[PDB]
Each structure stands twice: as structure tokens, then as C-alpha cells.
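Q: First to last, the sequence lines map onto chains B and A.
Quick note, the first sequence lines up with residues 1 to 29 if you use the entry's author numbering.
Quick note, the second sequence lines up with residues 1 to 21 if you use the entry's author numbering.
Just so it is clear, CB atoms sit at the ideal spot from N, CA and C, and this is done for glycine as well.
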Amino acid sequence: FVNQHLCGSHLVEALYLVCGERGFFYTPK
Amino acid sequence: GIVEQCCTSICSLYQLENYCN
Numbered sequence: 001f002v003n004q005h006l007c008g009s010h011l012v013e014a015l016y017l018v019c020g021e022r023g024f025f026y027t028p029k
Numbered sequence: 001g002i003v004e005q006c007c008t009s010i011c012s013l014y015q016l017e018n019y020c021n
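#1: Output yes or no for whether 7 Å exceeds the beta carbon distance between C19(B) and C6(A).
#2: Among the residues of its own chain, which have a CB less than 8 Å from the CB of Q15(A), if the five just before and after it don't count?
#3: Under 8 Å Cβ to Cβ from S9(B), same chain only, skipping five residues before and after it: list those, please.
#4: So for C7(B), helix, strand or coil by DSSP?
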């Protein structure tokens with residue numbers, strides 16, 4: 001699921017699943 | 001940033017993890 005173009009909610013989804021309880025930051029601009 | 005690496009090019013686990021805390 002991570003080895004493709006990921007945009008918008010699709011990219012957030014991937015961060016959420018990979019990072020788990022560590023959390024993440026989403027800074028698109 | 002993440003859009004350039006993962007949206008306008010192909011993402012990777014290595015790069016995604018750069019954005020975990």
C-alpha cells in the first residue's frame with residue numbers, strides 16, 4: 001500500500017497505518 | 001516535503017517513516 005503515488009486522504013491513511021502509536025505530521029505545503 | 005516524495009513521485013516506507021514522530 002505504500003509503494004505507489006499517494007495523495008490527500010490516501011497519503012494520510014498510509015502515515016496513520018505505518019506510524020501507529022508514534023503518530024505523525026502531515027505538512028503538505 | 002511529503003507531497004513531492006509520495007504524491008507527485010512514488011512513495012516508500014523509508015520516506016513515510018521520516019514523518020512519524
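A: Let me spell this out:
#1: Cβ distance not < 7 Å, so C19(B) and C6(A) don't count as in contact.
#2: Only residues of its own chain outside the window of five on either side were considered, and among them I2, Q5, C6 have a CB closer than 8 Å to the CB of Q15(A), listed in chain order.
#3: So the list is empty, once near-sequence residues are dropped.
#4: Note: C7(B) maps to coil in three-state DSSP.
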